[PDB]
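Data first, discussion second: the structure below is written as structure tokens.
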Amino acid sequence: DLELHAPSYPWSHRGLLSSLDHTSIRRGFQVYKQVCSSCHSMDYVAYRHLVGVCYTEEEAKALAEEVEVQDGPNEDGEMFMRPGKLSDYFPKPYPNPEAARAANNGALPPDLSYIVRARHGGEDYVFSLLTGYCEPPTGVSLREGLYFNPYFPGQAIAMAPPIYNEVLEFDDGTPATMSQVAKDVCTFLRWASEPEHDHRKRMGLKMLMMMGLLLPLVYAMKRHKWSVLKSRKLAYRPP
Amino acid sequence: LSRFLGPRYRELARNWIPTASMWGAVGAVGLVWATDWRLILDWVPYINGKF
Amino acid sequence: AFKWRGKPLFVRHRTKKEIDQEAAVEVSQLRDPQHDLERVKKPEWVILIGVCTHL
Amino acid sequence: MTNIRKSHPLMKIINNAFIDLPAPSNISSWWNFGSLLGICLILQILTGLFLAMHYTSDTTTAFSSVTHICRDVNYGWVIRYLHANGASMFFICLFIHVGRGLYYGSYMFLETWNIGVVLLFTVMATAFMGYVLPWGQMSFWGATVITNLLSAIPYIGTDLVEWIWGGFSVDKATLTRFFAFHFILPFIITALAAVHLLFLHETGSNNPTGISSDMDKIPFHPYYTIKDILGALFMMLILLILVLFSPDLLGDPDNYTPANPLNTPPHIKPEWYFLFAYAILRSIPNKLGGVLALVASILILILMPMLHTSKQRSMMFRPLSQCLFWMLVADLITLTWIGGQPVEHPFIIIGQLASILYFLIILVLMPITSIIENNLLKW
Amino acid sequence: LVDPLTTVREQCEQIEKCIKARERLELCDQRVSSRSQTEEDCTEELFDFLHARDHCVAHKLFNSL
Amino acid sequence: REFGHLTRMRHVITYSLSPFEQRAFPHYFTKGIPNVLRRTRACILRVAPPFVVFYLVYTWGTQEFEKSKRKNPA
Amino acid sequence: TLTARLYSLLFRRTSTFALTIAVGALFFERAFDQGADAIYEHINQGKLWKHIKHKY
Amino acid sequence: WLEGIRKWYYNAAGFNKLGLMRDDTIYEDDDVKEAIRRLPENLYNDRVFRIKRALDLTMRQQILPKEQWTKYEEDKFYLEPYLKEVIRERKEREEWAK
Ligand code: HEC
Ligand code: HEM
Ligand code: HEM
């Protein structure tokens, strides 16, 4: 049995009032575009969500225009191709869910729209699982087509090793070392699970200041009104 | 509690047993009729034809 | 297999070889405390649901 | 000719229920929870409605609709996580309220106590049906397990279970009826809370000392309005911290996975506020016995006014009873933790001992200890 | 290209906890290898080593990235 | 239950002062800290022991799970 | 005293109290929003979209 | 001796720290209000003032100074003779009822 919990990595957003490094979000979206989207799928987020987070409006519409998307009925009821728009969700690599299993060994690639928020451990898991591949220890033979990963429950993943150094070229020009790719794609997946992360932290800062202001004042009001009773002095004078 | 029981309470119980038993029979008949309890309804003569 | 209740129905006719092999299989060695005839009441007709346990 | 506050009928009821109500002068902070629950209730309703306006109770779209709420609805995520963590806060305040009632001998109010027990049961039912709505893996499988629980009842059994299921198992129909029952129930809770307050007002309130406070009553409005407002501000502080800093602190991550009936999640646990019952479930080997123990764990609160034997209403002047009560609380946290953990050798025996102790303290240790204290104090 | 992750692994495998986990690991290795028909797997000591190494690695690494 | 027929008192005098004449925090720390310390001293010997034994039980069970979980040399 | 002048210039009348509260909230919303946003941007300098729009 | 344990429990209960006496803390069951009603005027006034002072103290979470604590030997069971009579009358009514 046994499972290895992921170590608590020092993420940039780990801080109580920290925000996702949006440059790393852009790089992680690049990684998803040219690595994970080939077999893995992401649905609940769309190109529209990219604007104001990691890509500008022009860049986002270019990214949407690059891909080809199936549309509704034609003038006679055909399935005509169409250049994707900003209001298009990220294309699914395999049309039917079973086709994903058929193309792979049989395990379908889970959707990443919540994989950070659905896997117990968070990014530390999703990061480490990518940078945790190693040769199986002696005495445990793995099936043909399977791969050994200590962090994955069961220690038998169906992934070909997805992230290796010099797999893609970041637009910025940062080194494409496997750790950098894994970190940036993990940050992007965290953004995918929690788009409102930065706004949540901002509102949390506002809430903390507002309550640190209000609570002393409301306590002072309570003390003011109750001071009639907290200072009363009784007296008993029976005859 | 032990404050009950004694002379007066036992004849109260005896007096109210017939009515309580009739109410229990009322509840039983109402239950078997309401849910159409088969187990009993394959025995009463004329209603056997319902099923 | 057919496809009932959102699950396949892995059904095999369990040829004599398969049933004798199952009878030869020790109950204790199996993790599930179950015996072949005790689960399926037909030696030549095994009726099993689709999917797989443990995901 | 007369003040409207105590002449207008609705104004008269509001006046003699919230403004001029004579309340004990020394009610501690624990009493504030009585207000907070009600506020939580409103916060549960008012927020909950705003989820119902973008939630479709359909298997094909429930999870997708919730994700749409959290990702596309303007400030929808605030509403969703405010609702979830507010339900958690509701159960926290409910447990603290029951603890206050048990401690300071409040169960002599009988009618209010029984109405409170009914409210408690209704709230647990509401939360159970609520967890199913997102239609996640944990939602689906917890619903499956809890409904399959009812198969243990004799005779009717499977027929009742399938009646609840609206079919052979949980499916679209079950989701829809859960959503409808979930919508209706909190208004019944509101009416029952009104009845609870109505019953409570006839006798007043139990002060911490437990003695009658008719010689120290104070008007409600000048003091307890602001006291309960401070309490509600503190509760808002805690709830908002939970929502805006660790939204999924008290929540299984696997609920963020669309419900796939073909895969059992490695762990199947209910919400954090049900584990104490579920652990009792795990304790009893017999299924029927397990369900009976599960319901009796909550039903035992009715027996409390009959099981109190000490000649002192409160527990403020009763040390050994205080130690017993705190042992009971620790046992409750132990049961919660055990229910959280899976069922193996280290935990099975601990669960059995915890369940036995939980029943024993309420039914045996507390009354006998009260007898001992009465004897020790020359009465 | 030299991956900083590999260098972090190298310098972080020196921590004496890693040293004991590793030597226990070969103490599993030769035992399992020599014993022909044995169901024991060294995944246990491997997981101990992986935990001990990766806590340290998580402490480091991100500074270089 | 409304004011007027609550109870009966005789020879009881209550002196009180306006909230606008007193300080809402009169010796907040000078007298508050000793009172809190006294209350904690009075309550801790009854409230702490069940929670500390709960902590011991929790730690013991959590450690018990692993060694039953751990590999058995055989 | 400044406090006494503030009271018996702008606090005695409850309607003047309400007007004071309204204008105070009007200004306080802007002040608090500006301050909190500035602080939050300062903590995460270089990590927000508004700090990298110039590059792209 | 048992009196040592009784003293220990009296000190541990803490109602003496509030200036209260034993009969000042008894839960008011149906017999208790009747017993209280039969109390003479002076005892009733002292009882009501003592309870009022106890409530005053508990509102501020404070206790009487060490000097003004009802010592265990000075505690008086003023209600006990009346409560015994009320309970005896209730028992007699119950016995006649059965
Ligand atoms: C590229 C940047 C990535 C990332 C971040 C992930 N993948 Fe894959 N994946 C593949 C298959 C067949 C599976 C199923 C194996 C199984 O779960 O049993 C997966 C699974 C995942 C997970 C789930 C792990 C878990 O804890 O359940 C995650 C988080 C994940 N992946 C992330 C297949 C491929 C593949 C080609 C066949 C490529 C390329 C990728 N994956 C790439 C990525
Ligand atoms: C008694 C108070 C209530 C409790 C305890 C409660 C509990 C819950 C819980 C635990 C959830 C699951 C939240 C999640 O997993 O994300 C939920 C969801 C929901 N509740 Fe309630 N609820 C209450 C009142 C209401 C009311 C009054 C309504 C209707 C107005 C409502 C409508 C909903 C809806 C639509 C959802 C699904 C939204 C979602 O996915 O979170 N609830 N409820
Ligand atoms: C739906 C949740 C509930 C709400 C909204 C609610 C509401 C209230 C309110 C406002 C009070 C007065 C404040 C107070 O005394 O604390 C109160 C008192 C009381 N409630 Fe509840 N209650 C709820 C649940 C319960 C439960 C579960 C019980 C126990 C079974 C219960 C039993 C009591 C008792 C005994 C009192 C009297 C306490 C006293 O005044 O001394 N209530 N309730």
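Chains: A, B, ... in order of the structure tokens. Residues: from 1 per chain. Ligands: from 1, in order shown.
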Next item on the list: If you run DSSP over the backbone, which residues in segment 13-82 of chain H end up alpha helix (DSSP H)? Put them as a PyMOL selection string.
Entry: chain H and resi 13+30-37+41-60+80-82
Note to self: Show me, as a PyMOL selection string, the residues that have an atom within 6 Å of segment 43-57 of chain A when counting only C-alpha atoms, minus same-chain residues fewer than 5 positions from it.
What the structure shows: (chain A and resi 22+25-26+86-90+113) or (chain G and resi 49)
Next item on the list: Write out as a PyMOL selection string each polymer residue (protein, DNA or RNA) that has an atom no more than 7 Å from ligand 3, with only C-alpha atoms and all ligand atoms counted.
Entry: chain D and resi 30-35+37-38+41+94+97-98+101+106-107+109+112-117+119-120+123+189+193+196-197+200+204-207+301
Distance limit 9 Å, reference ligand 1, atoms considered: only C-alpha atoms and all ligand atoms. Which residues make the cut? Give them as a CSV table (one decimal) with N, CA, C and O atoms, in the first residue's frame.
```csv
chain,number,residue,atom,x,y,z
A,28,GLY,N,3.1,28.9,-17.9
A,28,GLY,CA,2.4,27.6,-17.7
A,28,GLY,C,1.3,27.4,-18.7
A,28,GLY,O,1.0,26.2,-19.1
A,31,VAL,N,3.0,26.0,-21.6
A,31,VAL,CA,3.3,24.6,-21.4
A,31,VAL,C,2.0,23.7,-21.6
A,31,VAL,O,2.1,22.7,-22.3
A,32,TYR,N,0.9,24.1,-21.1
A,32,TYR,CA,-0.3,23.4,-21.3
A,32,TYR,C,-0.7,23.4,-22.8
A,32,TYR,O,-1.2,22.4,-23.4
A,33,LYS,N,-0.4,24.5,-23.5
A,33,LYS,CA,-0.7,24.6,-24.9
A,33,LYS,C,0.0,23.5,-25.8
A,33,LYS,O,-0.5,22.8,-26.6
A,34,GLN,N,1.4,23.4,-25.5
A,34,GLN,CA,2.2,22.6,-26.4
A,34,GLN,C,2.6,21.3,-25.7
A,34,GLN,O,3.4,20.5,-26.3
A,35,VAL,N,2.2,21.0,-24.5
A,35,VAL,CA,2.5,19.7,-23.9
A,35,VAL,C,1.2,19.0,-23.5
A,35,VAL,O,0.9,17.9,-24.0
A,36,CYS,N,0.5,19.6,-22.5
A,36,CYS,CA,-0.6,18.8,-21.9
A,36,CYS,C,-1.8,18.7,-22.8
A,36,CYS,O,-2.5,17.7,-22.7
A,37,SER,N,-2.1,19.8,-23.6
A,37,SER,CA,-3.3,19.8,-24.4
A,37,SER,C,-3.3,18.7,-25.4
A,37,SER,O,-4.4,18.4,-26.0
A,38,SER,N,-2.2,18.1,-25.7
A,38,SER,CA,-2.1,17.0,-26.7
A,38,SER,C,-3.0,15.8,-26.3
A,38,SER,O,-3.6,15.2,-27.1
A,39,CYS,N,-2.9,15.5,-25.0
A,39,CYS,CA,-3.7,14.3,-24.5
A,39,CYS,C,-4.6,14.6,-23.3
A,39,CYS,O,-5.6,14.0,-23.2
A,40,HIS,N,-4.2,15.6,-22.5
A,40,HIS,CA,-5.0,16.0,-21.4
A,40,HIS,C,-5.9,17.1,-21.8
A,40,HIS,O,-5.7,17.8,-22.8
A,100,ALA,N,-10.4,8.7,-25.4
A,100,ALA,CA,-9.1,9.0,-24.6
A,100,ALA,C,-8.5,7.8,-24.0
A,100,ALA,O,-7.3,7.6,-24.1
A,101,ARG,N,-9.3,6.9,-23.4
A,101,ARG,CA,-8.8,5.7,-22.9
A,101,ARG,C,-8.3,4.8,-24.0
A,101,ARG,O,-7.2,4.1,-23.8
A,103,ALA,N,-7.1,5.6,-27.0
A,103,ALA,CA,-5.8,6.1,-27.5
A,103,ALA,C,-4.7,5.8,-26.5
A,103,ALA,O,-3.6,5.4,-26.9
A,104,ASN,N,-4.9,6.0,-25.2
A,104,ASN,CA,-4.0,5.6,-24.2
A,104,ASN,C,-4.0,4.1,-23.9
A,104,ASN,O,-4.6,3.4,-24.6
A,105,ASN,N,-3.4,3.7,-22.8
A,105,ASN,CA,-3.4,2.3,-22.4
A,105,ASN,C,-4.8,2.0,-21.9
A,105,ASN,O,-5.2,0.8,-21.9
A,106,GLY,N,-5.7,2.9,-21.5
A,106,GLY,CA,-7.0,2.6,-21.0
A,106,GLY,C,-7.4,3.6,-19.9
A,106,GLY,O,-8.6,3.6,-19.5
A,107,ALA,N,-6.5,4.4,-19.4
A,107,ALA,CA,-6.8,5.3,-18.3
A,107,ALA,C,-7.0,6.7,-19.0
A,107,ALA,O,-6.1,7.2,-19.7
A,108,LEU,N,-8.1,7.3,-18.8
A,108,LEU,CA,-8.4,8.6,-19.4
A,108,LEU,C,-7.7,9.7,-18.6
A,108,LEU,O,-7.6,9.7,-17.4
A,109,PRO,N,-7.1,10.7,-19.4
A,109,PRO,CA,-6.4,11.8,-18.7
A,109,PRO,C,-7.4,12.7,-18.0
A,109,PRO,O,-8.3,13.3,-18.7
A,110,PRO,N,-7.3,12.9,-16.7
A,110,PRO,CA,-8.3,13.7,-16.0
A,110,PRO,C,-8.2,15.1,-16.5
A,110,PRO,O,-7.2,15.6,-16.9
A,111,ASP,N,-9.4,15.8,-16.4
A,111,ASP,CA,-9.4,17.2,-16.8
A,111,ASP,C,-8.7,18.1,-15.7
A,111,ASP,O,-8.8,17.8,-14.5
A,112,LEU,N,-7.9,19.1,-16.2
A,112,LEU,CA,-7.1,19.8,-15.3
A,112,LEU,C,-7.8,21.1,-14.8
A,112,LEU,O,-7.2,21.9,-14.0
A,115,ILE,N,-7.8,19.9,-11.2
A,115,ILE,CA,-6.9,18.9,-10.7
A,115,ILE,C,-6.1,19.4,-9.5
A,115,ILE,O,-5.7,18.6,-8.6
A,116,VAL,N,-5.8,20.7,-9.4
A,116,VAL,CA,-5.1,21.2,-8.3
A,116,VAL,C,-6.0,21.2,-7.1
A,116,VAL,O,-5.6,20.8,-6.0
A,118,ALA,N,-8.7,19.3,-6.7
A,118,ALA,CA,-9.3,18.0,-6.5
A,118,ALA,C,-8.4,17.0,-5.9
A,118,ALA,O,-8.8,16.1,-5.2
A,119,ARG,N,-7.1,17.1,-6.2
A,119,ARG,CA,-6.1,16.2,-5.6
A,119,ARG,C,-5.7,16.6,-4.3
A,119,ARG,O,-5.4,17.8,-4.0
A,120,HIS,N,-5.7,15.7,-3.3
A,120,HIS,CA,-5.3,15.9,-1.9
A,120,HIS,C,-3.8,16.2,-1.9
A,120,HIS,O,-3.0,15.4,-2.2
A,125,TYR,N,1.6,18.3,-4.8
A,125,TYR,CA,1.5,17.0,-5.4
A,125,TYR,C,1.7,17.1,-6.9
A,125,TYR,O,2.6,16.5,-7.5
A,126,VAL,N,0.9,17.9,-7.6
A,126,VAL,CA,0.9,18.0,-9.1
A,126,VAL,C,2.3,18.3,-9.6
A,126,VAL,O,2.8,17.8,-10.6
A,127,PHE,N,3.0,19.3,-8.9
A,127,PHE,CA,4.4,19.5,-9.2
A,127,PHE,C,5.2,18.3,-9.0
A,127,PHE,O,5.8,17.8,-9.9
A,129,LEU,N,4.6,15.1,-8.5
A,129,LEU,CA,4.3,14.0,-9.4
A,129,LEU,C,5.0,14.1,-10.7
A,129,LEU,O,5.5,13.1,-11.3
A,130,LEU,N,5.1,15.3,-11.3
A,130,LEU,CA,5.8,15.5,-12.5
A,130,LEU,C,7.3,15.3,-12.3
A,130,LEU,O,8.0,14.6,-13.1
A,151,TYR,N,4.8,9.3,-6.0
A,151,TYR,CA,3.8,10.1,-5.5
A,151,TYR,C,2.4,9.7,-6.0
A,151,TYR,O,1.4,10.0,-5.2
A,152,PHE,N,2.2,9.2,-7.1
A,152,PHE,CA,0.9,8.7,-7.6
A,152,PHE,C,0.4,7.6,-6.8
A,152,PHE,O,1.2,6.6,-6.6
A,153,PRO,N,-0.8,7.6,-6.3
A,153,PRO,CA,-1.3,6.5,-5.5
A,153,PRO,C,-1.3,5.2,-6.3
A,153,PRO,O,-1.7,5.2,-7.5
A,154,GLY,N,-0.9,4.1,-5.7
A,154,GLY,CA,-0.7,2.9,-6.5
A,154,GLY,C,0.7,2.7,-7.1
A,154,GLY,O,1.1,1.6,-7.5
A,156,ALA,N,1.8,3.4,-9.9
A,156,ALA,CA,1.8,2.9,-11.3
A,156,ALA,C,1.0,3.9,-12.1
A,156,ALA,O,-0.2,3.7,-12.2
A,157,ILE,N,1.6,4.8,-12.7
A,157,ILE,CA,1.0,5.8,-13.6
A,157,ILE,C,1.0,5.3,-15.0
A,157,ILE,O,1.8,4.5,-15.4
A,158,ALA,N,0.0,5.9,-15.8
A,158,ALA,CA,-0.1,5.6,-17.2
A,158,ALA,C,0.4,6.7,-18.1
A,158,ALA,O,0.2,6.7,-19.3
A,159,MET,N,1.2,7.7,-17.4
A,159,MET,CA,1.8,8.8,-18.2
A,159,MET,C,3.1,8.3,-18.8
A,159,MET,O,4.0,7.8,-18.1
A,160,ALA,N,3.3,8.6,-20.1
A,160,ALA,CA,4.6,8.8,-20.6
A,160,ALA,C,5.2,10.0,-19.8
A,160,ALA,O,4.4,10.9,-19.6
A,161,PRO,N,6.5,10.0,-19.5
A,161,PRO,CA,7.0,11.1,-18.8
A,161,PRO,C,6.8,12.4,-19.5
A,161,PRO,O,7.3,12.7,-20.6
A,162,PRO,N,5.9,13.3,-19.0
A,162,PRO,CA,5.4,14.4,-19.8
A,162,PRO,C,6.4,15.5,-19.9
A,162,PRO,O,6.6,16.1,-21.0
A,163,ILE,N,7.1,15.9,-18.8
A,163,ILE,CA,7.9,17.0,-18.7
A,163,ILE,C,9.4,16.6,-18.6
A,163,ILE,O,9.7,15.9,-17.7
A,181,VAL,N,9.7,24.1,-16.1
A,181,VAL,CA,8.5,23.8,-16.8
A,181,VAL,C,7.4,23.3,-15.8
A,181,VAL,O,6.3,23.7,-15.9
A,182,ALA,N,7.8,22.4,-14.9
A,182,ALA,CA,6.9,21.9,-14.0
A,182,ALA,C,6.3,22.9,-13.0
A,182,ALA,O,5.1,23.0,-12.8
A,185,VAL,N,3.9,25.3,-15.1
A,185,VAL,CA,2.6,24.6,-15.4
A,185,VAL,C,1.8,24.4,-14.1
A,185,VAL,O,0.6,24.4,-14.2
A,186,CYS,N,2.5,24.1,-13.0
A,186,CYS,CA,1.7,23.9,-11.8
A,186,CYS,C,1.1,25.2,-11.3
A,186,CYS,O,-0.1,25.2,-10.8
A,189,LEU,N,-1.9,25.7,-13.4
A,189,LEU,CA,-3.0,24.8,-13.0
A,189,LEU,C,-3.7,25.3,-11.8
A,189,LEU,O,-4.9,25.2,-11.6
C,55,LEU,N,-11.0,1.9,-9.3
C,55,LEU,CA,-10.9,3.0,-10.3
C,55,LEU,C,-10.7,2.5,-11.7
C,55,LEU,O,-10.9,3.3,-12.7
```
Note to self: What residues of the protein or nucleic acid chains come within 6 Å of ligand 2 when you use only C-alpha atoms and all ligand atoms? Reply as a ChimeraX atom specification.
What the structure shows: /D:41,44-45,48-49,51-52,55,66,80,84,87,123,126-127,130-131,133-134,183,186
Write a file of the just-selected residues containing N, CA and C atoms, as a JSON list (two decimals), in the first residue's frame.
```
[["chain", "number", "residue", "atom", "x", "y", "z"],
["D", 41, "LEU", "N", -28.67, 31.23, 9.97],
["D", 41, "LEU", "CA", -29.82, 30.75, 9.20],
["D", 41, "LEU", "C", -30.16, 31.73, 8.10],
["D", 44, "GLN", "N", -27.64, 31.68, 5.61],
["D", 44, "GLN", "CA", -27.77, 30.47, 4.80],
["D", 44, "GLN", "C", -28.88, 30.63, 3.77],
["D", 45, "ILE", "N", -29.99, 31.26, 4.15],
["D", 45, "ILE", "CA", -31.09, 31.42, 3.21],
["D", 45, "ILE", "C", -30.73, 32.46, 2.16],
["D", 48, "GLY", "N", -28.12, 31.31, -0.04],
["D", 48, "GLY", "CA", -28.53, 30.11, -0.76],
["D", 48, "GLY", "C", -29.42, 30.41, -1.94],
["D", 49, "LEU", "N", -30.36, 31.34, -1.77],
["D", 49, "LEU", "CA", -31.22, 31.74, -2.87],
["D", 49, "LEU", "C", -30.40, 32.15, -4.08],
["D", 51, "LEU", "N", -27.61, 31.15, -5.02],
["D", 51, "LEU", "CA", -27.08, 29.99, -5.74],
["D", 51, "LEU", "C", -28.17, 29.30, -6.55],
["D", 52, "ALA", "N", -29.40, 29.32, -6.04],
["D", 52, "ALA", "CA", -30.50, 28.67, -6.75],
["D", 52, "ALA", "C", -30.81, 29.33, -8.07],
["D", 55, "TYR", "N", -28.12, 27.55, -10.40],
["D", 55, "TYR", "CA", -27.90, 26.12, -10.23],
["D", 55, "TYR", "C", -29.04, 25.35, -10.90],
["D", 66, "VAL", "N", -22.42, 24.49, -11.24],
["D", 66, "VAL", "CA", -21.71, 25.01, -10.08],
["D", 66, "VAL", "C", -20.37, 25.61, -10.49],
["D", 80, "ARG", "N", -20.82, 31.09, -3.29],
["D", 80, "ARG", "CA", -20.72, 29.64, -3.12],
["D", 80, "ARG", "C", -19.94, 29.28, -1.86],
["D", 84, "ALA", "N", -21.01, 27.50, 1.75],
["D", 84, "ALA", "CA", -20.46, 26.27, 2.30],
["D", 84, "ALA", "C", -19.88, 26.49, 3.70],
["D", 87, "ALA", "N", -22.50, 27.15, 6.28],
["D", 87, "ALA", "CA", -23.10, 25.92, 6.79],
["D", 87, "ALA", "C", -22.20, 25.28, 7.85],
["D", 123, "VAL", "N", -31.87, 20.33, 10.61],
["D", 123, "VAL", "CA", -30.66, 20.95, 10.07],
["D", 123, "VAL", "C", -29.70, 19.89, 9.54],
["D", 126, "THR", "N", -31.04, 18.83, 6.27],
["D", 126, "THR", "CA", -30.82, 19.86, 5.27],
["D", 126, "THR", "C", -29.39, 19.84, 4.76],
["D", 127, "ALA", "N", -28.42, 19.74, 5.66],
["D", 127, "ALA", "CA", -27.02, 19.69, 5.24],
["D", 127, "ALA", "C", -26.73, 18.44, 4.43],
["D", 130, "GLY", "N", -27.98, 18.93, 1.12],
["D", 130, "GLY", "CA", -27.22, 19.99, 0.48],
["D", 130, "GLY", "C", -25.90, 19.52, -0.10],
["D", 131, "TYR", "N", -25.19, 18.66, 0.63],
["D", 131, "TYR", "CA", -23.89, 18.22, 0.15],
["D", 131, "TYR", "C", -23.99, 17.50, -1.18],
["D", 133, "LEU", "N", -25.88, 18.22, -3.76],
["D", 133, "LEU", "CA", -26.18, 19.05, -4.93],
["D", 133, "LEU", "C", -25.00, 19.31, -5.86],
["D", 134, "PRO", "N", -23.78, 19.61, -5.39],
["D", 134, "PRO", "CA", -22.68, 19.81, -6.34],
["D", 134, "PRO", "C", -22.39, 18.60, -7.19],
["D", 183, "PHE", "N", -34.59, 23.05, -0.78],
["D", 183, "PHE", "CA", -35.16, 24.38, -0.86],
["D", 183, "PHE", "C", -36.25, 24.58, 0.19],
["D", 186, "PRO", "N", -35.43, 24.78, 4.93],
["D", 186, "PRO", "CA", -35.01, 25.88, 5.82],
["D", 186, "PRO", "C", -36.14, 26.80, 6.24]]
```
Next item on the list: Define the interface residues of chain C facing chain D as those within 10 Å, counting only C-alpha atoms, and report them as a ChimeraX atom specification.
Entry: /C:5-7,50-55
Would you put the residues from that selection into a file with C-alpha atoms, as a tab-separated table (two decimals), in the first residue's frame?
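Generated file (again32.tsv):
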```tsv
chain	number	residue	atom	x	y	z
C	5	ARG	CA	-27.32	0.68	-15.67
C	6	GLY	CA	-24.35	2.69	-16.87
C	7	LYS	CA	-22.04	-0.31	-16.51
C	50	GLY	CA	-18.55	-4.02	-16.06
C	51	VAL	CA	-16.03	-1.39	-14.91
C	52	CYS	CA	-13.25	-2.31	-12.49
C	53	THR	CA	-13.03	-2.04	-8.73
C	54	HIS	CA	-10.39	0.38	-7.48
C	55	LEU	CA	-10.94	2.97	-10.28
```
Extract, using only C-alpha atoms, all DNA, RNA and protein residues at most 12 Å from residue 30 of chain E, discarding same-chain residues fewer than 3 positions from it, and format them as a PDB file with C-alpha atoms, in the first residue's frame.
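Listing of result29.pdb after writing:
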```pdb
ATOM      1  CA  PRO A 137      13.002  -0.169  -6.968  1.00  0.00           C
ATOM      2  CA  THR A 138      14.094  -3.780  -7.043  1.00  0.00           C
ATOM      3  CA  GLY A 139      11.490  -6.458  -6.440  1.00  0.00           C
TER       4      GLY A 139
ATOM      5  CA  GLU E  23      21.979   2.562   3.156  1.00  0.00           C
ATOM      6  CA  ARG E  24      18.792   0.924   4.388  1.00  0.00           C
ATOM      7  CA  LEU E  25      17.745   0.946   0.743  1.00  0.00           C
ATOM      8  CA  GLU E  26      20.651  -1.203  -0.440  1.00  0.00           C
ATOM      9  CA  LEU E  27      20.134  -3.339   2.669  1.00  0.00           C
ATOM     10  CA  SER E  33      17.791  -9.507  -5.202  1.00  0.00           C
ATOM     11  CA  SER E  34      19.536 -12.547  -3.715  1.00  0.00           C
ATOM     12  CA  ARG E  35      16.267 -14.055  -2.473  1.00  0.00           C
ATOM     13  CA  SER E  36      14.840 -15.454  -5.710  1.00  0.00           C
ATOM     14  CA  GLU E  40       9.167  -8.186  -0.603  1.00  0.00           C
ATOM     15  CA  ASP E  41       9.507  -4.884  -2.455  1.00  0.00           C
ATOM     16  CA  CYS E  42      11.939  -2.104  -1.595  1.00  0.00           C
TER      17      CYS E  42
END
```
Note to self: Give me, as a ChimeraX atom specification, the residues of segment 30-171 of chain A that a backbone DSSP run labels strand (DSSP E or B).
What the structure shows: /A:46,51,55,68-73,79-83,89,147,157
